[PDB]
Amino acid sequence: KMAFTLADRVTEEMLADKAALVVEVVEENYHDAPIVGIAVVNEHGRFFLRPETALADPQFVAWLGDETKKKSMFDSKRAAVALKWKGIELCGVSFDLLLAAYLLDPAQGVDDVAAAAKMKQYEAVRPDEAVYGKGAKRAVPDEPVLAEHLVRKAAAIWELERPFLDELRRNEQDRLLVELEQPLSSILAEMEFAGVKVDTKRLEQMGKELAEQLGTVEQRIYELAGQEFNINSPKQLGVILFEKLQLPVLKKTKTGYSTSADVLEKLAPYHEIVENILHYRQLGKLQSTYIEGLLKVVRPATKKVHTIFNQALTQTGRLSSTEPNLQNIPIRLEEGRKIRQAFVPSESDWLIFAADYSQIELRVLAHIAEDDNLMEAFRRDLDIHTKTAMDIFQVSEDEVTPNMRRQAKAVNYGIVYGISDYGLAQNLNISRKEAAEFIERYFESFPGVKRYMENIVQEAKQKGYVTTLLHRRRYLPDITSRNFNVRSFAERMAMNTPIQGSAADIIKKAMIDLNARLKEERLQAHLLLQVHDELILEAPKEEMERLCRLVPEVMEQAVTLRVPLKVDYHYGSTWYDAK
DNA sequence: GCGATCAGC
DNA sequence: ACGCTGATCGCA
Ligand SMILES: Nc1nc2c(ncn2[C@H]2C[C@H](O)[C@@H](COP(=O)(O)NP(=O)(O)OP(=O)(O)O)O2)c(=O)[nH]1
Ligand SMILES: [Mn+2]
């Protein structure tokens, strides 16, 4: 129903200097995944290419790598990483429909060409789920069905570039796509393909000690409970805690008693068993998610793990990391922090380098709110986390422990993002009247922040959306909702995403400037991970001293704000040691 | 599959 | 009744 050439070989007209390209990878995790077919649409027509002959054709391979041959794609990082696993480099991607739809509206959840095409009333293409199926019935169709689907997806990309670029221009997002998101897409592909070396023997050893330590706490729980039960079962746990031991019921779920960590901690004065349960869950958390889960996805031949950074998922412009999630590796507890010791450099005599912003969101907030006191505080390079901990616990700076500072961290972010006196009272275990007075004192010291949070909520009502400094956008229709609860959640989003999203923009530009700087200096250093406000690199030890002056300055100079940006940096033999 | 729960930023 | 996530697992 759409004409296309089911090609046997590669011809010259398939190698035009502009084309829409589809390199289809159906596997969810595209690392070392098969490429099932290729489609090319250009000024000379539409073509389908079997990959086993196109990826062996030297003319087609050189065309993929020629950055002067411009390609329009959807989810180009997926194709670039899958081609890297084939030994092939993809260059010249000038338009990515996935990232263009993500900037226009992150709430659409665009996951295939059809979903993005529907935004511009283009429907001459079927959803991937309709072609490949779901679950156990998911399979690659036969060639005449697969070929048309890929050709129709390429033809859609061919027709949709101009309408998407036009709306991006109106939204002041054209530079956000071409100079930020798309260059970052190539960087993340290099990071994902590089992987991170893992000391599997160190993990496997911890897994044996965790299993023997779990049983010790397990029997102490059975002894404290008086009987044996399924500690992971909410039904039996609720019966042991709130029926047999008759502990107070502080919170309910839709299904029964709540046993979250905040509940168990308030029950600590009532029985010893709740703290053993907390320690029991924490050991099981490390065992299930970070010992077993990490060893399951590690590449045995290289001892490397290859995460996937989802660039078009979060509503604020952050990244996310899946299978494995390398953005939530434990650190706050010392027994769980040891897992970062298993993340090691990929070569001998290389080291791990980690740099991170100091309170980037609060400094971003100070610049945007133009609050005199908050700006002055960061011009003094004050640690607002420590200062707030001093005011809360009524101590001096030398008396503030890292545990108190982490609590003040939630107070600083909580207050600026709309926490209530009720919520602050429950987080600090203080009276609700003390919380309201403390929030009152917090806003009289920073009246520009309170002014900004009121103005940004009102601007979201008038425009219907909020923006970040680099013009990333998030629509908030619920901010005019007739329901109080629904509207209140939307109001806190209006307070948060311009600040969290602007911090995501800044580090995204920092990664782009860093790689150009590294290439300029002809260094072997390269990025490994991004953890929201942290950059983790590996490099030969001979490059560490150059990086101590290069990486912080690049990150601090990504943008220029009314307050400076401060970057902390450490290096060591493991990720654990890089702090 | 969903939701409670928990690891991170 | 601060925000943004992903993985695990019992199933009330
Ligand atoms: N709304 C909210 N955002 C948070 C929270 N925690 C972290 N974020 C988000 C906000 C920011 O985007 C980032 C800050 O996380 P860190 O690096 O752990 N703390 P910082 O860098 O300020 O101080 P230092 O590094 O010296 O310890 O993660 C929170 O409790 N609430
Ligand atoms: Mn930080």
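Atoms considered below: every heavy atom in the structure, side chains included; atoms not considered: hydrogens, waters and symmetry mates. Within every chain, numbering begins at 1; the chains are lettered A, B, ... in the order of the sequence lines, protein sequences first and strands thereafter.
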Taking only N and O in the side chain of [X], is any of them less than 4.0 Å away from OP1 or OP2 of [N]?
X      : N     : result
A:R432 : C:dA1 : no
A:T316 : C:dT5 : no
A:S260 : B:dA4 : no

Where protein sits on nucleotides 7-12 of chain C, one letter per nucleotide: B base, S sugar-phosphate only, - none, heavy atoms under 4.0 Å: BSSSSB
Under 4.0 angstrom, heavy atoms only, what part of the nucleic acid is [X] near: base, sugar-phosphate, or nothing?
X      : value
A:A410 : base
A:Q282 : sugar-phosphate
A:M495 : nothing
A:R337 : nothing
A:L313 : sugar-phosphate

A:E192 bridged to A:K77 by N-O distance under 4.0 Å: yes
What is the distance, rounded to the nearest whole Å, between atom [atom1] of [X] and atom [atom2] of [N]?
X      : N     : atom1 : atom2 : result
A:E334 : B:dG8 : CD    : P     : 12 Å
A:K409 : B:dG8 : NZ    : P     : 11 Å
A:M453 : C:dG3 : CE    : P     : 12 Å
A:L264 : B:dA4 : CG    : P     : 15 Å
A:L278 : B:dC6 : CG    : P     : 7 Å
A:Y357 : B:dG8 : OH    : P     : 23 Å
A:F443 : C:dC2 : CZ    : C1'   : 10 Å
A:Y413 : C:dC4 : OH    : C1'   : 12 Å

Option from A:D391, A:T388, A:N412 for which side-chain hydrogen bond (donor to acceptor under 3.5 Å, both in side chains) with A:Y442 holds: A:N412
Pairs where residues 266-278 of chain A contributes a residue and the test side chain to side chain donor-acceptor pair (under 3.5 Å) is met, not counting sequence neighbours: A:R220-A:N276
From [options], pick the nucleotide closest to the side chain of [X]?
X      : options             : answer
A:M493 : C:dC2, C:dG6, C:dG3 : C:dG3
A:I419 : C:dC2, C:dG3, C:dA1 : C:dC2
A:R492 : C:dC2, C:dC4, B:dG8 : C:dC2

Pairs flagged by ring-ring contact (aromatic ring centres under 6.0 Å, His included) wherever residues 475-502 of chain A is involved - sequence neighbours left out: A:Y465-A:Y475
Steps toward side chain to side chain donor-acceptor pair (under 3.5 Å) verdict (A:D262, A:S260): CA-CA 6 Å; A:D262 60 329; A:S260 49; 2.5 Å; yes
Heavy-atom side-chain proximity of A:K579 to A:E534 below 4.5 angstrom: yes
Min side-chain heavy-atom separation A:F309-A:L326 under 4.5 Å: no
Backbone of A:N29 reached by a side-chain donor or acceptor of A:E323 within 3.5 Å: no
Euclidean distance for P, B:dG3 against C:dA1 (whole angstrom): 16 Å
Polar side-chain contact A:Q327-B:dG8 base: donor and acceptor under 3.5 Å: no
